[PDB]
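Asker: Using the entry's author numbering, the letters of the sequence shown correspond one by one to residues -1 to 180.
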Amino acid sequence: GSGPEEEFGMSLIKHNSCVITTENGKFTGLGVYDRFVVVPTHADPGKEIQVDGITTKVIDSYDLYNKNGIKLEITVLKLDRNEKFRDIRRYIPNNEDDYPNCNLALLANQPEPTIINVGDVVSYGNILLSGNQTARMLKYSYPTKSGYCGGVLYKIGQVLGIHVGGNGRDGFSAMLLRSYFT
Ligand SMILES: *[C@@H](O)[C@@H]1CCC(=O)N2CCC[C@@H]2C(=O)NC[C@H](NC(=O)c2cc(C)on2)C(=O)N[C@@H](Cc2ccc(F)cc2)C(=O)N1
């Protein structure tokens, strides 16, 4: 890819991603709008994080759950920083769905911003990730790696999820739904 799907992803990286550092390492963070970022819950962000190496206070944070209290592996952070993110909420789906031909946009743990074609994505339900029940997963068949967490699953004009785990054959993202942010 050097065409539109790659190009949309690179723009998404440049305008709406950052590297979030916690005590658990470096994660790709998705800036949703203004000072709101999402990161995988297992990043366990505290009261201070780094955003692109800059120590930043977390004004508030909260984890998301499904209807039965199962973690979604999404954590929302409101950051104490001057910069505002471009609002990408209109690109986030309203509903769960399957999606053909998706890409993953990676920033953290890569030598340079990286776009990967993960192929077709299905809404997979609940899984066990490192032994923990996790809900509203999107599954793709791609050999993801340890440094991919927080990577943004997308298609042109559609911001679909954030990468939270895998087993070497399959990769999983937490679904982004517009109602989480509105
Ligand atoms: C990013 O922090 C990381 C992404 C890891 C990844 O994509 N990997 C591909 C193969 C090597 C790693 C890996 O270490 N996977 C282990 C585990 N995977 C599973 O449990 C699993 C279940 C099914 C079904 O398919 N894979 C995993 O990915 N763990 C997470 C960390 C995590 C997530 C949620 C929690 F509640 C606790 C811990 C992970 O390592 N993610």
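C-beta: ideal position from N, C-alpha, C; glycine also.
So, is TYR60 buried or exposed, given that buried needs 16 or more other C-beta atoms within 10 angstroms?
Answerer: Counting Cβ neighbours within 10 Å, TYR60 comes out exposed, since fewer than 16 surround it.
Asker: From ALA41 to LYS69, what does the alpha carbon distance come to, in whole angstroms?
Answerer: So the alpha carbons of these two residues sit roughly 13 angstroms apart.
Asker: Which ranges does the beta strand (DSSP E) cover as unbroken runs of at least 3 residues, wholly within the stretch 132 to 157, from first to last along the chain?
Answerer: Counting whole runs of 3 or more residues, the stretch 132 to 157 contains the beta strand (DSSP E) stretches 150 to 153.
Asker: What residues are listed by DSSP as bridge partners for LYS69?
Answerer: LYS69 is bridged to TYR63.
Asker: Under 8 angstroms by Cβ, that's how I've got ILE90 and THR39 pegged, so tell me the actual separation to the nearest angstrom.
Answerer: Actually they are not in contact, since the Cβ atoms of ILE90 and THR39 sit about 18 angstroms apart, beyond 8 angstroms.
Asker: Starting from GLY169 and walking both ways along the beta strand (DSSP E), at which residues does that stretch end?
Answerer: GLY169 -> beta strand (DSSP E) spans 169 to 173.
Asker: Let me make sure I understand the geometry here. Which of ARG79, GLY129, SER9 has the alpha-carbon closest to that of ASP58?
Answerer: Considering only alpha carbons, the answer is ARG79.
Asker: Write down the C-beta distance between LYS45 and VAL37 rounded to the nearest angstrom, noting that I regard them as a contact closer than 8 angstroms.
Answerer: Not a contact, Cβ separation roughly 14 angstroms.
Asker: Comparing the CB of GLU21 with every heavy atom of ligand 1, is any distance shorter than 7 angstroms?
Answerer: No; taking the cut-off as 7 angstroms, the Cβ of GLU21 has no heavy atom of ligand 1 nearer than that.
Asker: Should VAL120 be listed as close to ligand 2, given that the test is whether its C-beta is under 7 angstroms from any heavy atom?
Answerer: Ligands in the displayed structure: ligand 1; ligand 2 is not one of them.
Asker: With distances taken from CA atoms, which of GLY(-1), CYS16, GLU110, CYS147 is nearest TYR31?
Answerer: Minimum Cα distance to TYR31 is reached at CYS16.
Asker: Give the secondary structure of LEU102 by DSSP, where H, G and I count as helix, E and B as strand, and everything else as coil.
Answerer: Strand.
Asker: Return helix, strand or coil for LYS12, following the three-state DSSP convention.
Answerer: In this structure, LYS12 counts as helix in the three-state DSSP scheme.
Asker: So, is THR180 buried or exposed, given that buried needs 16 or more other C-beta atoms within 10 angstroms?
Answerer: Exposed, because fewer than 16 other Cβ atoms sit within 10 Å of the Cβ of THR180.
Asker: Considering only their Cβ atoms, is the gap separating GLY148 from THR53 smaller than 8 angstroms?
Answerer: No, these two residues do not count as a Cβ contact at 8 angstroms.
Asker: Among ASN22, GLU94, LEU126, which has the Cα closest to the Cα of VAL157?
Answerer: Ranking the options by Cα distance to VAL157, first place goes to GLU94.
Asker: Leaving out five residues before and five after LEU10 in sequence, what residues of the same chain have Cβ atoms less than 8 angstroms from its Cβ?
Answerer: Excluding positions up to five away in sequence, the list reads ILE86, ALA103, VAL150, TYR152, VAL157.
Asker: Kindly list the residues whose CB is nearer than 6 angstroms to the CB of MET135, restricted to its own chain and excluding five residues on each side of it in sequence; keep chain order.
Answerer: Excluding positions up to five away in sequence, the list reads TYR122, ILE125, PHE170.
Asker: So which of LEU62, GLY(-1), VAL116 has the shortest CA-CA distance to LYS143?
Answerer: The candidate whose alpha carbon is nearest that of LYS143 is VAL116.
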